[PDB]
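Take 13 as the starting number for the sequence shown in this note's numbering and just add one per residue. C-beta: ideal position from N, C-alpha, C; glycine also. Since the structure comes first, as structure tokens, the remarks are kept for the end.
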Amino acid sequence: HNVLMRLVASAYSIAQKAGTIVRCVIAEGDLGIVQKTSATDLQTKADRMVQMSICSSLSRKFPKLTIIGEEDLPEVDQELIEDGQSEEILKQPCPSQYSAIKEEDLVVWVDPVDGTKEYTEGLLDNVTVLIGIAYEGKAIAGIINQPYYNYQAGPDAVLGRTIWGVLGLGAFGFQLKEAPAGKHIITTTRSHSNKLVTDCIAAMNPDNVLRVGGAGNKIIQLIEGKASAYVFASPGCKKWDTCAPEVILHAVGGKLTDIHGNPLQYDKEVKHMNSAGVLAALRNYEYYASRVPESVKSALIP
Ligand SMILES: Nc1ncnc2c1ncn2[C@@H]1O[C@H](COP(=O)(O)O)[C@@H](O)[C@H]1O
Ligand SMILES: [Mg+2]
Ligand SMILES: [Mg+2]
Ligand SMILES: [Mg+2]
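Structure (structure tokens):
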């Protein structure tokens, strides 16, 4: 039945459609901003439309999946449906460990727009679209679309890119690069900081600290060598924030956990909140893990 690879190949095309929606909303000018729990907790027309497109498109082709999306939404336009699939991905053999997966056992975690606050600020390259695929509680495949990749290159440039990966195959669509030798460059939240977040970072002996939006964007920073660790000692992000990004990072030898070192779980019944934060690195994960203060750990219950 070739379920996993069929799913990944469709999710790739579905994520590309999502990128067209993200760009279309900016181009038409009205972001339809709704405030949820605070002025830094926003929902736009892009979040709502992309979620409708992704969920309807996946459910049309793979009705047995469990699909969980960030937005709590109440008839979808056929114009939002994506029926395509990547023929190239479909040509790749499924890793043998996943070859007998049944569709009803997959759980898909969707963040239709990740970095929404930064989207509304015009920090457009912070934005990603995240489609994460989990089996037996583990994140095993992921798609990350970055709709404004290349947007500063001029009117003749192609906009956007799609990064995808499967554990046992690899991760693709970017150039893997380690961060500069001899430096600790720690990346973290721009808009959702607090004292605990900054105290945990201080304990790492950073040479530089980057404050940017997006969980997907920060994993891209890790795999492209713009940062050496992603440290977020706080509640606030959810399973859809970490599912697809941890796959991409794990596929190239990195590691993402909570602040204690616990792996995150992705079964259908798990709580959405990542209540003990996020710690991630491409290389030297054990260094950063070793520097988390005990006081930070006692404050953050998984
Ligand atoms: N305190 C929070 N309230 C709502 N969303 C949050 C919070 N903290 C983190 N997030 C979300 O988690 C993801 C990563 O956070 P950030 O690094 O701030 O962009 C984004 O989708 C944020 O909107
Ligand atoms: Mg949100
Ligand atoms: Mg989102
Ligand atoms: Mg998010």
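- Linking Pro-75 to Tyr-297 through their CA atoms gives a straight-line distance of about 38 Å.
- At the C-beta level, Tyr-278 and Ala-193 stay beyond 7 Å of one another.
- The beta carbon of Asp-253 sits closer than 6 Å to at least one heavy atom of ligand 4.
- Around the Cβ of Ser-25, a 10 Å sphere holds 16 or more other Cβ atoms; the residue is buried.
- Here the C-alpha atom of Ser-203 lies approximately 36 Å from the C-alpha atom of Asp-117.
- Secondary structure at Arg-223: strand, using DSSP grouped into helix, strand and coil.
- Annotated as proximal: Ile-271 and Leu-312, with beta-carbon spacing under 7 Å.
- Ranked by how close their Cα comes to the Cα of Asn-138, the residues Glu-91, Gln-164 and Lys-207 have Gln-164 in first place.
- For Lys-57, no beta strand (DSSP E) encloses it; the enclosing alpha helix (DSSP H) starts and ends at 57 to 73.
- One Cα belongs to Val-62, the other to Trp-252, and the distance between them is close to 14 Å.
- Rounded to whole angstroms, the gap between the alpha carbons of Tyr-299 and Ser-68 is 43 Å.
- Looking at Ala-227, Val-20 and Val-141, the one whose alpha-carbon comes closest to that of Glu-100 is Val-20.
- With a cut-off of 6 Å, the C-beta of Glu-82 is classified as near ligand 3, since at least one heavy atom of the ligand falls inside that distance.
- About 5 Å separates the CB atoms of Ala-245 and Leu-208; that is less than 8 Å, so the two are in contact.
- For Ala-146, the enclosing beta strand (DSSP E) starts and ends at 140 to 147.
- Per the coordinates, the alpha-carbon of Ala-191 lies some 29 Å from the alpha-carbon of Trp-121.
- Within the chosen limit of 6 Å, ligand 4 reaches the beta carbon of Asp-123 through at least one heavy atom.
- For the options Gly-180, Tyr-160 and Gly-177, the alpha carbon positioned closest to that of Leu-171 is the one of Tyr-160.
- Under the criterion of beta carbons closer than 8 Å, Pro-167 and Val-141 do not qualify as touching, at roughly 23 Å.
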